[PDB]
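*Asks:* Once you've seen the sequence and the experimental structure below, I've got questions.
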Amino acid sequence: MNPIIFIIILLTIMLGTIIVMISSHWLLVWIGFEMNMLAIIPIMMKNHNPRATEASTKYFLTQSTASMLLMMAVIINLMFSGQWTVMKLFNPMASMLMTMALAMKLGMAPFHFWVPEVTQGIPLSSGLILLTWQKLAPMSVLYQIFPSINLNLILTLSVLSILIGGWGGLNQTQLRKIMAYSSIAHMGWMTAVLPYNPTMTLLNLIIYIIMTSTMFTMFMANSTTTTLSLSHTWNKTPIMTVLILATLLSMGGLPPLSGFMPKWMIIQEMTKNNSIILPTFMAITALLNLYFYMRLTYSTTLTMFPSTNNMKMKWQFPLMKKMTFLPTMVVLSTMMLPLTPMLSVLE
Amino acid sequence: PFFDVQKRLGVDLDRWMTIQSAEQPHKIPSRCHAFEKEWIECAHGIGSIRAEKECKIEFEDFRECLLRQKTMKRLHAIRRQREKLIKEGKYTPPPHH
Amino acid sequence: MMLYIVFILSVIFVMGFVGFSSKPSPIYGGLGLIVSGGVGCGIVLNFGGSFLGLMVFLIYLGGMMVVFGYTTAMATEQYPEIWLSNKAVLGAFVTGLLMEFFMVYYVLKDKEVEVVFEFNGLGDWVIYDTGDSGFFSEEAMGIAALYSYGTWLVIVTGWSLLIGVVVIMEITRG
Amino acid sequence: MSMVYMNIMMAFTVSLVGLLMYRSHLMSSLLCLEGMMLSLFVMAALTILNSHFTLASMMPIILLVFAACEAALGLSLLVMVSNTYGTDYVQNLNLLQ
Amino acid sequence: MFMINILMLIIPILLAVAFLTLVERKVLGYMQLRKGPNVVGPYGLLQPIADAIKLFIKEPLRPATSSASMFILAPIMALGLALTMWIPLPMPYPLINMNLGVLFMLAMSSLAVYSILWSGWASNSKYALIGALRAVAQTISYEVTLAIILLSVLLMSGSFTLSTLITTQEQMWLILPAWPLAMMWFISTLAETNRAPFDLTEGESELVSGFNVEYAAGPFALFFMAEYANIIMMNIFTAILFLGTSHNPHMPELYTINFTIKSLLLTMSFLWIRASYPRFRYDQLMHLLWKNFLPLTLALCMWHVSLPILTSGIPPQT
Amino acid sequence: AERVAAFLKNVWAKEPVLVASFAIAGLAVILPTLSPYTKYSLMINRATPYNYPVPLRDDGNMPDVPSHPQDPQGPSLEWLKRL
Amino acid sequence: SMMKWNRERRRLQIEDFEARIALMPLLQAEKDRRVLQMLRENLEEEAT
Amino acid sequence: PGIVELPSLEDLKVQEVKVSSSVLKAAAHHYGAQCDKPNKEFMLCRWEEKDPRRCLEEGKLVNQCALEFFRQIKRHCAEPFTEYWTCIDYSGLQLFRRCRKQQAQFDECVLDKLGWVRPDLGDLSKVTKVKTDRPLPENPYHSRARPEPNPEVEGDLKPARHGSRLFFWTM
Amino acid sequence: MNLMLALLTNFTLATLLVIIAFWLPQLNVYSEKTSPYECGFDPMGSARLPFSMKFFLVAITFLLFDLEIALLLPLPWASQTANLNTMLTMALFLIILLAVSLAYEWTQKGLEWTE
Ligand SMILES: CCCCCCCCCCCCCCCCCC(=O)OC[C@H](COP(=O)(O)OCCN)OC(=O)CCCCCCCCCCCCCCCCC
Ligand SMILES: CCCCCCCCCCCCO[C@@H]1O[C@H](CO)[C@@H](O[C@H]2O[C@H](CO)[C@@H](O)[C@H](O)[C@H]2O)[C@H](O)[C@H]1O
Ligand SMILES: CCCCCCCCCCCCO[C@@H]1O[C@H](CO)[C@@H](O[C@H]2O[C@H](CO)[C@@H](O)[C@H](O)[C@H]2O)[C@H](O)[C@H]1O
Ligand SMILES: CCCCCCCCCCCCO[C@@H]1O[C@H](CO)[C@@H](O[C@H]2O[C@H](CO)[C@@H](O)[C@H](O)[C@H]2O)[C@H](O)[C@H]1O
């Protein structure tokens, strides 16, 4: 891939997301989704190996099916309303189809099976796009149709995502599958608060993106994709292990780290609506996420695993990866709890 | 939209196609033009929570124009009865019907 | 009987879908899809969309022609499967036709049928517009407005088609 | 609703079940995807034509344009899957278990 | 009176096709310094009848490995669709007056391709398969260029109605303002009809007989009839598209006379071209269309979009 | 101007088909700007009456609106009669 | 030549379009009466 | 939901202009000039009332002026007019351009006898004013009273009292 | 109706000719006569074996080009718009982007058949 071609394709991925976000017409929203899927597959196939081919095919089949259900909902909405405006849907069957269509696009459980596999099959840079940028467009549509979403359906997906994400991460030794299951679990929190306060869905989304972007950027820096490969970081870049520790604890929602904020704010919103059993269940089940974050901090930062002799050759060479924005993202990933009231800007 | 860049910049990218009461080529009106306009003008500015309740009449009529469900039920009721009366030798259609 | 023209075409429409949804050899799946495109064009034509109908037929005829070529290269086996050659294909094919027949039988037996949702079986002509005396086609004016009104739609569609060429070449350059 | 909708909606459902219930050939599933667009195209056209909403008469055309892109995208992936395993069978795409 | 009209269309077509085979054999004979049929009937006039009778009393064959239903279906589509291509032709009055006759013929011509694909495939023999996939290649070559060539011409006519092409050319043939398009259209019709130098799906010297190598007797005859009916129809369409005949509503026969002469001469030129050139290689046909005709057709399409506007010559919708 | 001529003449010898295409494509883009007739195309499209000309309710102060189709007031198509 | 003929055809189209405009008031009046008569006929049959 | 009010069959009866479309097309241009005033008032009524029942009376004056128009042609120009629409009737598209010679004969006949002048190209497509005594309809859409708008939130914007007031935060 | 009548007659005549062709001639069917043809010697393998497509990339590009015509075919109607300034710009825009896509595939050797 010619560098100019990569930029144009990369700009098209953003263009499709932006089209969804600025569109007031259901057709243009669907077009934006198609444009996004068209441009992301070549990024997935960038390295041209059988695994990347499998991931791209599994991704394409899933996203195509969601687009069909989404467009079906739009046409049903047109029959029962005669209009195309992006807003609440006027038919409950259309609401179900759109909600499920967006659930597949996000990778929410039980439409989650593709997220672990696609993420594992593609490079880290592509996985970063998949688990962060690709969340924006479906969430922005959910942010506009939520008044007509069936409450039981959306909360059922949120609960299942948190459980399935929590349990799925416990068995993983690959860093890309850990980030996939962690992503599934975090998506559950975003949609659980969606019916009550959409602002806290945006807050959780932004903070999830900052923390996920930081973790992928640190994995890219040392070119690590397994738990054991990451366990050598202490012997080359000690500073990196400390940043991984702080970021991982934040992702686990431990105060006083930034990652505690979205969980804190979502519990507040749910209790204000006399929803007590669900936030309690959610917070406890999120302890599964913390458990398999803590294993990574054990093998990465708090202990020292054995090295290999050839590691000494890497002591003589500096990191040359861009690590774009890493110093800023890690500070935002960890030291933002004192600034929590700034969430009103999202209002 | 999520980001209303269209309103901010004043450009009009897709609002033109959103409703059937908007300006059409050569002013060809849609079949339910009047019903849409009434519902859009009833609910303008007051929000969906209020509009769901205070514009049911306008919406209910508009829905009838779109899918004609009440009308077709009425015709099936009339047609079904004629079958009963024609088949019983009770009513006879006039020449023009 | 002729008043039910659109319904009769829609019955063949579903039957074509059962043809390729049962998933025999893609040679026969393509045939099923060509039929559905044909009577699908007929359905849209009978609603006043001659241009829309003929084009979906034209586009799908070229698409299945590419599919036929790809089937002989990448989706062919020694004994391509017909609807009668496989129990899973025949079972799906039979199931879809019986589910189609019964829906037809009730809606014709009663002039209404309930299949999850209420459908009126009075014939599709009853919903048509009564008056009409414009000296033009409405579909043509609406479609032709893509270039005056649909400036934004042309940009996004033109870009996507251009990117599509760039993308397919990246994907297929191993 | 009108009776045509019953069969067009049924057609979409048949292809949806067709897509979700795989066999071996990945090509067969790509046809079920083109089947769903065909029914979506037809059902959109009936609604738009019947209601006399002129400006959306271009909507079904745009629908086909982005169906062609998906089919071209799907066929491209099938080329690379076939070049790897020598068939388009979907059971070969299980490295990532 | 409409059924009689249908028979007055298709029976003469089958007679014209029968005698086109005689005219082809004679014209090629004399261009090859020989005579061609002149024994069976005076000047070979009974030769087409003898060939027709002989084929339909010859034994048909169903190959052992063939797919029966598609094997028989394919020749029926071929002849059925070939005759369907004639119903919208204004001669000067069409049998069926369509708003979109031009697009109807594009759709039917695309459908007629499958009578080649399915006959070659259903035959389940290698030479048949090779011929069938050449048909796939040939359609990919010309279909995109053919439609855009038509669109450029219709931008001067303003309509998709075939009868409006008669009105557009009332003062002058469209070949004057569009001879570059007429050139590329004429080639495209040779490719579209699998005619030499683009007779590739059959390609005698390479594929024995190509897509219909396994067909015999009557089923073979239907394919042969369909081919020659398509030759005449596409030259009528060329004559209507570029050599418009003036129509007098009170003397419609005079249109039909001048119109027929032009179509005969254009059909004669197909035979003339067959006697003159070697065959293309079928990847060279793809490059001819995509690398030469397509860039020029795209440019002329923009030119003919702009020209009516900049000259204020936009035609009417009617 | 000499470097371009060598390239231009070179492509006339190797790819005359592409030289002709770009030239025609260039004319399709430029001439509409420089043509004195392009303005009339929109006026003729404007003057074609697809719809009924709905009358206006006369209120008393419409000097330029005609009362009868043959009255002098209103747009005239004399420019088109002579075009 | 194509320019000049197509200008004439546009002039001929307007003339044709103006004839329809002249008759539209008469046809519209007939249409209104015809629709109302049909409905009134429908209404009476429905009563019995 | 009400019983649709439909007029009586006597209130709908009128003398019908029972001539073919080729007859109407032949006389359309002169008919447009001669019967403009009743026609324009009737068309103003339909696009204002939006109801065929509210315009019946003006729709009868359209026919009475059409019959009077065709009665004058019969009195003075029956034969020249009869050739002309016959020529129009022959054409499959009823084209004017195929009957220019006969159109002339009818055109100078109505000029000499009746003083009628043919409208120029573009005349019949003008938007014209029309005086009427029918009052302007006030609720032609039969709209209900619209819901009241939400009471406006206005006044002077002051800082939030004690800031965000989020848990412990003092700002 | 007329069109449906015309189509039925066309395919009815074709089917009648096939029926006559199959039931009029005297038949003598045996295995060697109906065996697959291949120049006198038995076929070597199945004709259902995969047949590689060398123009596969052109075939996919045809699907994308074959939809440009649907977008361009409305042009004769679009030329009747009042807003010709916007028209001509958008019509020329589409064709140029189609030309650019063709140039890209051409310059990147996408139209060359694989060996
Ligand atoms: C104020 C409001 C906000 C409140 C939220 C909490 C704020 C803290 C958030 C921290 C954000 C991450 C930034 C942490 C900076 C860590 C700097 C450091 O520890 O020294 C790095 C040291 C490098 O070792 P060296 O080889 O000598 O130097 C190479 C680099 N030039 O590395 C090492 O050599 C150490 C290797 C052994 C690993 C020891 C692990 C246990 C000690 C970790 C302490 C940091 C814990 C951070 C976790 C969050 C704590 C709240
Ligand atoms: C995943 C498979 C997807 C398959 C999709 C199949 C087609 C789906 C059709 C969706 C439209 C069905 O529409 C469903 O039935 C009728 C439609 O009048 C409605 O019927 C009901 O709702 C309306 C509400 O005013 C009233 O008539 C009344 O309350 C009741 O009749 C339902 O409220 C609607 O939800
Ligand atoms: C990579 C992207 C490539 C994008 C390329 C886009 C190329 C577009 C080139 C401009 C095409 C239109 O160019 C423009 O056409 C209109 C005519 O319609 C002309 O406009 C002229 O005619 C119109 C009506 O026809 C009159 O209303 C107007 O008074 C007059 O100026 C403009 O003078 C000309 O500048
Ligand atoms: C707006 C419509 C009209 C504009 C024209 C649009 C289509 C433009 C087509 C691309 C033109 C430039 O791109 C093309 O790239 C290839 C590189 O492989 C060049 O070079 C190649 O072409 C020719 C034919 O294939 C070969 O003989 C040559 O060996 C090879 O180098 C072509 O000479 C050039 O024409």
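*Replies:* Perfect, I can see it now. Residues are numbered from 1 along each chain as shown, chains lettered A, B, ... in the order given. Ligands and ions are numbered 1, 2, ... in the order given.
*Asks:* For chain A, tell me whether stretch I:88-106 is touching it.
*Replies:* No: contact of stretch I:88-106 with chain A (CB under 8 Å from any CB of the partner chain) is absent, the minimum separation being 9.4 Å. Yep, even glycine has a C-beta here, placed from its N, CA and C like the rest.
*Asks:* Also stretch D:45-55?
*Replies:* Yes: Stretch D:45-55 is in contact with chain A by CB under 8 Å from any CB, via D:47-48, D:51, D:53.
*Asks:* looking at those, which has the most residues close by?
*Replies:* residue D:53 (30 neighbours; other CB atoms under 10 Å in any protein chain shown).
*Asks:* List the residues that contact it.
*Replies:* Counting by CB atoms under 8 Å, 6 or more residues apart in numbering or on different chains, residue D:53 makes contact with A:82, B:20, B:30, C:142.
*Asks:* from those residues, which is closest to residue A:43?
*Replies:* If you rank the contacts of residue D:53 by distance to residue A:43 using CB to CB, residue C:142 comes first, at 37.0 Å.
*Asks:* ok, that closest one - how many residues close by?
*Replies:* By the criterion of other CB under 10 Å, residue C:142 has 30 neighbours.
*Asks:* for the stretch 51-200 of chain A, what spans make up the helices?
*Replies:* Along the stretch 51-200 of chain A, counting by DSSP state H, counting those that start in this stretch, helices occupy A:92-106, A:114-121, A:124-131, A:136-145, A:151-170, A:175-193, A:198-222.
*Asks:* want to throw these into a markdown table with distance to chain C and mean neighbour count?
*Replies:* Output for the helices of the stretch 51-200 of chain A, formatted as a markdown table (distance: least, CB to the nearest CB, whole Å; neighbours: other CB atoms under 10 Å in any protein chain shown):
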| stretch | distance to chain C | mean neighbour count |
| --- | --- | --- |
| helix A:92-106 | 8 | 22 |
| helix A:114-121 | 15 | 24 |
| helix A:124-131 | 13 | 22 |
| helix A:136-145 | 14 | 21 |
| helix A:151-170 | 18 | 19 |
| helix A:175-193 | 21 | 26 |
| helix A:198-222 | 22 | 22 |
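*Asks:* Tell me which of those sits nearest to residue E:250.
*Replies:* Between residue E:250 and the helices of the stretch 51-200 of chain A, the shortest gap by CB to CB is with helix A:92-106, which sits at 60.1 Å.
*Asks:* And chain D, is the closest one touching that?
*Replies:* No: residues of helix A:92-106 are not located near chain D by CB under 8 Å from any CB, the shortest gap being 10.2 Å.
*Asks:* Now do that helix: which elements does it pack against?
*Replies:* helix A:50-79, helix A:136-145, helix A:151-170 (3 or more CB pairs under 8 Å, 6 or more residues apart in numbering or on different chains; DSSP states H and E).
*Asks:* So for the one residue in chain H that gets nearest to chain G, what's the nearest residue that isn't a sequence neighbour?
*Replies:* Closest residue of chain H to chain G, CB to the nearest CB: residue H:32 (3.1 Å). Nearest non-adjacent residue to residue H:32, counting by CB to CB, 6 or more residues apart in numbering or on different chains: residue G:22, 3.1 Å away.
*Asks:* my hunch is that that neighbour is in a strand, does that hold up?
*Replies:* No: applying DSSP: H, G, I helix; E, B strand; the rest coil, one finds residue G:22 to be helix, outside a strand.
*Asks:* and residue C:40, how far is that from chain B?
*Replies:* Using CB to the nearest CB, to the nearest Å, residue C:40 is found at 22 Å from chain B.
*Asks:* Hmm, I typed the wrong one, I wanted residue H:126.
*Replies:* The gap separating residue H:126 from chain B is 17 Å, by CB to the nearest CB.
*Asks:* Write out the residues of chain F neighbouring chain E.
*Replies:* So far as CB under 8 Å from any CB goes, chain F lies against chain E at F:17-18, F:20-22, F:24-25, F:27-29, F:31-32, F:35, F:37-38, F:40-41, F:44-45, F:48, F:83.
*Asks:* What's the local residue count around residue H:12?
*Replies:* Neighbourhood size, residue H:12 [other CB under 10 Å]: 19.
*Asks:* Hmm, residue G:39 and it touching each other?
*Replies:* No: between residue H:12 and residue G:39 there is no contact under CB atoms under 8 Å: 10.3 Å.
*Asks:* Please give me every residue in contact with the residue of chain I found nearest chain H.
*Replies:* Nearest residue of chain I to chain H: residue I:82, at 14.6 Å (CB to the nearest CB). Counting by CB under 8 Å, 6+ apart, residue I:82 touches C:148, F:42, F:45-46.
*Asks:* quick check, it in a helix?
*Replies:* No: secondary structure of residue I:82 (three-state DSSP): coil, not part of a helix.
*Asks:* now it: how far from residue F:47?
*Replies:* Shown here: residue I:82 relative to residue F:47, a distance of 10 Å by CB to CB, to the nearest Å.
*Asks:* Pipe the residues of stretch D:45-55 next to chain A into CSV and attach distance to residue A:195 and secondary structure per row.
*Replies:* As requested, these are exported to CSV (distance: CB to CB, whole Å; DSSP: H, G, I helix; E, B strand; the rest coil):
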residue, distance to residue A:195, secondary structure
D:47, 30, helix
D:48, 33, helix
D:51, 33, helix
D:53, 33, coil
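*Asks:* residues in chain E within reach of chain F, list them.
*Replies:* Contact residues (CB under 8 Å from any CB) of chain E with chain F: E:291-292, E:295-296, E:298-300, E:302-303, E:305-312, E:314, E:316.
*Asks:* so which of these also contact chain G?
*Replies:* E:308, E:311-312, E:314, E:316.
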